[PDB]
Amino acid sequence: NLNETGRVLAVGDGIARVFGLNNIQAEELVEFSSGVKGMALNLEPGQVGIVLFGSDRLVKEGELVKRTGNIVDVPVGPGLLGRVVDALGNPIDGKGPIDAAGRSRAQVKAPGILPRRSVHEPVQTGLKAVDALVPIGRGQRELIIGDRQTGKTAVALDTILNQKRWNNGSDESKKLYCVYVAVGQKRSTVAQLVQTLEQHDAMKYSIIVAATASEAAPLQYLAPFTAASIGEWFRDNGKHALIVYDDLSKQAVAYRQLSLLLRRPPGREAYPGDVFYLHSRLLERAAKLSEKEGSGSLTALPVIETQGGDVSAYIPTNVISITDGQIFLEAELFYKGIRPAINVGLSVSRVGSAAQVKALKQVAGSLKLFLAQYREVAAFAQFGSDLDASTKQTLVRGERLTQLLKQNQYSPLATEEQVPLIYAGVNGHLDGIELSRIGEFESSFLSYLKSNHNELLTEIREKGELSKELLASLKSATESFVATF
Amino acid sequence: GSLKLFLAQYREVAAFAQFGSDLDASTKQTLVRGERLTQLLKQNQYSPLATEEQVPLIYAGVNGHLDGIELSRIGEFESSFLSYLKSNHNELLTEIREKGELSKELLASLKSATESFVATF
Amino acid sequence: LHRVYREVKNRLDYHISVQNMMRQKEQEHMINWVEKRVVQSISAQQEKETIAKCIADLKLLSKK
Amino acid sequence: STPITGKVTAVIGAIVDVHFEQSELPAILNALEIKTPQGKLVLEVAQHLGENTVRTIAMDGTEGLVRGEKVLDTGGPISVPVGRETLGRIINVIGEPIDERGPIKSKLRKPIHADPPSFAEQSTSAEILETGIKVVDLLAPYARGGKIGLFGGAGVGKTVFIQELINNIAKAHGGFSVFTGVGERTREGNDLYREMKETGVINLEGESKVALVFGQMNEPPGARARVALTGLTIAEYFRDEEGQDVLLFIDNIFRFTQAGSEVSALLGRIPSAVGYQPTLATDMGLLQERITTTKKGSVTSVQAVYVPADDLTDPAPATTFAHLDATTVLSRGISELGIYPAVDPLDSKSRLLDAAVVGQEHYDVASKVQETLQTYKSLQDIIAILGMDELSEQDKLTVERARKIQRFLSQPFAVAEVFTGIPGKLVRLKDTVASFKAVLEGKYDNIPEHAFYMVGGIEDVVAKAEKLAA
Amino acid sequence: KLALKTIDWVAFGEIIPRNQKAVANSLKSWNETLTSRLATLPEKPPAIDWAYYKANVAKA
Ligand SMILES: Nc1ncnc2c1ncn2[C@@H]1O[C@H](COP(=O)(O)OP(=O)(O)OP(=O)(O)O)[C@@H](O)[C@H]1O
Ligand SMILES: Nc1ncnc2c1ncn2[C@@H]1O[C@H](COP(=O)(O)OP(=O)(O)O)[C@@H](O)[C@H]1O
Ligand SMILES: [Mg+2]
Ligand SMILES: [Mg+2]
């Protein structure tokens, strides 16, 4: 035929150049005699360059190839929940065929300027150092940047687990479906990551798009977009979906590989000029739809791995420029004990209070202050008692306020349990307590309220605010426990 | 044996005495010896030294017989000490050369040959 | 209760996953079988060397 | 037989181009052979340039190839011997015996190239592995059937380290082992082969429990880039077909990328950032994926990674971290101090570093040790600029301890006994934790620091401190 | 539906001898654990779309 078919002229490096297909579309899929499929990214006057989704051992010279007449598409809908699929959208867990409610193109245009709303729905991560300091909002793009082995996944992972508080409820505009995008991670890791969510009953509302490192590059290229659509479904239909790209760094590497092999112009660090257009066209897909559009929303938590704190690198600079805040993590802070090691100094959020519970905002507005002055007078802590009383007071707080943020992994706390801890910290009811007993303080204090002041906690959970009556009732209950302690 | 390890301690103490603080007996003792061992290692070009001439020098160093000598003295000390053995205690040099090891007896004589020379001059 | 569910559903899903695998396989050998019968159609059929010069001379033309 | 003839048409370095006939082109990753008076120069298909021309990668010395020699198609990827037949014998990349023991009688021949196990086949474990090294068993303990990584610049202690692990696991393992030397000093192999005989692991006129695969640095870029696969294939066999525990030792794994990095330019690949080839993540990926534990058998892997210019930001090292469960980073800044093995306690992490794995007591003690060593390093700017006297009572007391624990992490290996002069010492995890615990409580604030340097068990510390006093 | 003798925790704190605080602690956490657990573990499992499976089978 020559118009719907083509002959392999040359194959290699997981990229084969075919001749023919004079009617093939851009980025369209194709199928080889062997069975392995690919998509043509380069459309030259003579030949057509096509990447492979499988080993190039299957593809030979002169082999026949036929069109598919379809662009990269993936099946979306609520059937995926509790499953584990690859970039294409096939099952890999062995639970049977998937039940999708339709398909969506890998490449979807972001919502326009008009069909959006200022983020206003908080995304409780269950992390004290986060929901208090860097609040995240439904539709926001908060970036989890940090060196290797710092606690980047911990942040997201806990977030998902902290969703059992609403997903097992009845109201929908309150739930939050989680979509994790494994890119460049070995299978062993995914199999474990999945096994953790199950032991916590989180797979009930989580979607895993696995893209192991052994898989072809393009797979690791389409993974983020594939998963992107899946979540947009929820967004379009008027719901809430949280998607975590872990990690975009690996994605760029994959894409760089394809681009170089295809002999496209190499830029800074061997990345083609369209690398930024890649992530910008991905993150902008998540947002907050207006009331007319469905009030639906898609949150994005992209993960970037820096090389020795170098946030000045190419890739990171691109991502950091697009997102709407970072949760910078440092290994050093990790070693001291501060876990999760979230550098309050750098970690920021452009949305801020706009997406934070007023119950916590009333006690967090000041918490950023003390910590701020603490980092400035942190050198004094190393000197003798010759420090004046003024500065010394700061050290007393900081040591304790920093000790409170330390939260064990897999142990998210609801807002009703955060406020009481922050309120006692800010006022300074812990200053008298030893800096060694701060840990057990949280335990015994929470258990106290849930037996004597349970009525207060439940009023904060429902109202979400703190009236002058509660502020006084909470203070009295605290001073009482601190006294008996 | 731990000579390389000792020279490591020397640079450790040498950098820490940069502060300009007084040093106790320990940190100054090793500082005294470590500074001289570095001066003993200095050797002129085109002047290869046999094994029988290296052992004796290093011996008097690692032990601490040079501690009680000025730094600008280590220079001529080497040549003088060698000429001393080649004249008097030459039998020992001949045993170290052939045997290539140190016996219980060879250490005894070598020990006394060193102390005897320190007393001289 | 959850265990009974998981296990039954698990037994059910097995049949689907299997069924699905069969289909795929078969339709591999099926569309692939196409290859070897078409490599037999051109290599053989000397009258499939005439339908060669044919469709191909309809290239030079159009392009210009 | 019906073999496919071919003819060489180009020769550039380790890259040979063969020109076959129409309809007779071999798929990618197929072996080839060329008869020579000396031996056989196996080639490996790489690309299909077109026009019936294929580009291969010379598995050996390319000198002596004549423009147009006839090549014999193997008809399939490089085949290596498998089975208990390969136990106690040295094998190169091509699967030919190189120990002068005659032919290796194997019932099967399995290709070095194969797909990674299915996500379904992946099996997670949480069992701990006891080696005998304090700094490890206490901080980052290795997992049974897990992947280990020994990072470190040049001359830090990666070889001696991995060698001790063999002297404490291999004999003590009722299963089989596979050592694979990739891009290393041929002499290190020699000493190894000698020790395996002397330890009893390999018996020439008896039974053996380990196979040996070497593709050292003396070999061309072709060899060092596939020798890792050759030994992997022999391990994998005992994994699925034999269905039993297997210890895989790779040293070094960095040569796998490097070797490929040399030829990538000649294969017409635009050099990626830092000069490495674009296909870094995938290649490094298709190797580590295969090296894993399935539901058929367990495989414990100990891969030593090289760090170019003591730089961890380098792609090669950087990429390898994600394929490891337990990472043992070695710092040169620790070597120079005399403390060995120069293991970095903060930068080195583990998967089994969980309370629900190593025990609650174990975690707490380990965490305390880490926090102590951290503050120590944090006050390094005060101990030189203001002295030790300026530090607070809580600080000085901590600092002293941090110095004792630091020196207490050092341990004499029976392998490097020729370096330290002190007899190897193997400490048990049960005693290890009990030792630091005691030191963390201040029960030995009287004992001198030099009593913790190069010492095994905690009892030896007290014994040593008493022997010095004499 | 369960009966669950209501419990004020500060009293519970105040009735344990010290040599028994250990026990009491573990008793508290188990309770909390257990509670969290039931918040997430639904009474019954999802139903089973029998029609669908009936719709895609092969053995009768
Ligand atoms: N909040 C926490 N509390 C206690 N331990 C933690 C916490 N967060 C992370 N860890 C520890 O971190 C290790 C893994 O860290 P994590 O996976 O968060 O980093 P990462 O961003 O995934 O790094 P990598 O890029 O290597 O995956 C585990 O060994 C675990 O012990
Ligand atoms: N247990 C030890 N104690 C002291 N020094 C050691 C020890 N192990 C190794 N070394 C030092 O490291 C050197 C060998 O380095 P090697 O293991 O080859 O490092 P690399 O893996 O970087 O090549 C030895 O010469 C020795 O001086
Ligand atoms: Mg991660
Ligand atoms: Mg080495």
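Coordinate-derived values only; no laboratory data. Heads up, the Cβs are rebuilt from the backbone with ideal geometry, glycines too, and the neighbour counts pull from every protein chain shown.
Per-structure values
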quantity	calculated
Volume per residue of the C-alpha convex hull in chain E, rounded to whole Å³	141 Å³
Computed lengthening from D:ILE12 to D:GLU262, 0.36 nm per intervening residue step minus Cα-Cα distance	88.7 nm
Average partner coverage of D:277-287, which counts Cβ from other chains inside 10 Å	6
Local electrostatic count at A:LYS175 - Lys and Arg +1, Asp and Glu -1, tallied over other residues with Cβ under 15 Å	+3
Within 10 Å of each Cβ in A:12-19, the average number of Cβ atoms from other chains	4
Under-28-angstrom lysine pairs by C-alpha in the stretch B:1-120, whenever the two are 8 or more apart or on separate chains	14
Quarter of Cα convex hull surface for the protein assembly as shown, i.e. mean projection, nm²	61.0 nm²
Convex hull of Cα atoms in the stretch B:1-120, direction-averaged projection (nm²)	8.6 nm²
Relative contact order for chain A, counting Cα pairs under 8 Å that sit 6 or more residues apart, in percent	16 percent
Alpha-carbon gyration tensor eigenvalues x 5, square-rooted, for chain A, Å	48, 24, 18
Extension gain from D:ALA470 to D:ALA414, taking 0.36 nm per residue of separation minus the Cα-Cα distance	17.4 nm
Tensor-based shape of chain C (alpha-carbon gyration tensor, a/c under 1.5 rounded, otherwise prolate or oblate)	oblate
Loop GluC sites (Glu not before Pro), the stretch A:413-485 (other Cβ atoms within 10 Å of the site Cβ: 11 or fewer; DSSP)	A:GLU434
Estimated FRET transfer efficiency (D:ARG185, D:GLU241; beta-carbon r; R0 41 Å; 0.05)	0.80
Rounded FRET efficiency, nearest 0.05, which uses the C-beta distance separating B:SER109 from E:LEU34 and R0 of 56 Å	0.10
Residues in the stretch A:259-278 reached by a label modelled at A:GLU44 [backbone nitrogen below 15 Å; 7 Å Cα→Cβ]	A:259-265
Peptide A:326-332 - average C-beta neighbours from other chains (10 Å radius)	1
Cleavage-rule hits, trypsin sites (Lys or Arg not before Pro), the stretch B:1-105, DSSP coil, Cβ neighbours within 10 Å at most 10	B:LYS42
Residue exposure sequence - C:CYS54, A:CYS178 - by fewest surrounding Cβ within 10 Å	C:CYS54, A:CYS178
Ranked D:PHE249, D:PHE119, criterion: other C-beta atoms within 10 Å, fewest first	D:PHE119, D:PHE249
Approximate spin-label separation D:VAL160-D:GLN394, in nm, with each point projected 7 Å along Cα-to-Cβ	3.9 nm
Cα-based equivalent ellipsoid, chain D: semi-axes from gyration tensor eigenvalues, Å	47, 24, 19
DSSP-loop GluC sites (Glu not before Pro) across chain C, with at most 14 other Cβ within 10 angstrom	C:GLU49
For the stretch D:114-233: rounded, prolate or oblate by the Cα gyration tensor [a/c cutoff 1.5]	rounded
Between the stretch A:115-152 and the stretch A:165-242, the alpha-carbon center distance in angstrom	17 Å
Paramagnetic reach from B:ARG97 (point 7 Å along Cα→Cβ, amide N under 15 Å) across the stretch B:43-71	B:49-56
Crossing angle, helix A:415-427 versus chain A [Cα axis fit, 0-90 degrees, rounded to tens]	50 degrees
Label point distance in nm, A:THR317-C:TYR5, each placed 7 Å from Cα along Cα→Cβ	5.2 nm
Exposure proxy order (Cβ contacts within 10 Å, fewest to most) of A:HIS429, D:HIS173, D:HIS450	D:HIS450, D:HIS173, A:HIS429
Computed over the stretch A:253-303, the ratio Rg/Rh where both radii use C-alpha atoms and Rh is Kirkwood	1.20
In Å, descending, principal axis extents of the Cα set of the stretch D:239-302	43, 20, 17
Theoretical FRET efficiency, 1/(1+(r/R0)^6), r = Cβ-Cβ of C:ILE31 and D:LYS35, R0 51 Å, to 0.05	0.80
Chain A: angle of helix A:454-463 to the longest principal axis, Cα-based, in degrees nearest 10	50 degrees
Average Cα contact separation per residue, the stretch A:361-484, under 8 Å, 6 or more apart, as relative contact order %	27 percent
Cα gyration tensor shape of the stretch D:352-468, rounded if a/c is under 1.5, else prolate or oblate by comparing a/b with b/c	oblate
Stretch in chain A that is longest and holds no trypsin sites (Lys or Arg not before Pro) that DSSP places in a loop and that have at most 10 other beta carbons within 10 Å	A:293-485
Percent RCO, i.e. relative contact order, over the stretch A:110-168, from Cα pairs under 8 Å lying at least 6 residues apart	36 percent
C-alpha long axis of helix D:429-440 to longest principal axis of chain D, angle in °	40 degrees
Cα→Cβ-extended label distance, 7 Å offset, between A:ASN70 and C:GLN40, nm	3.0 nm
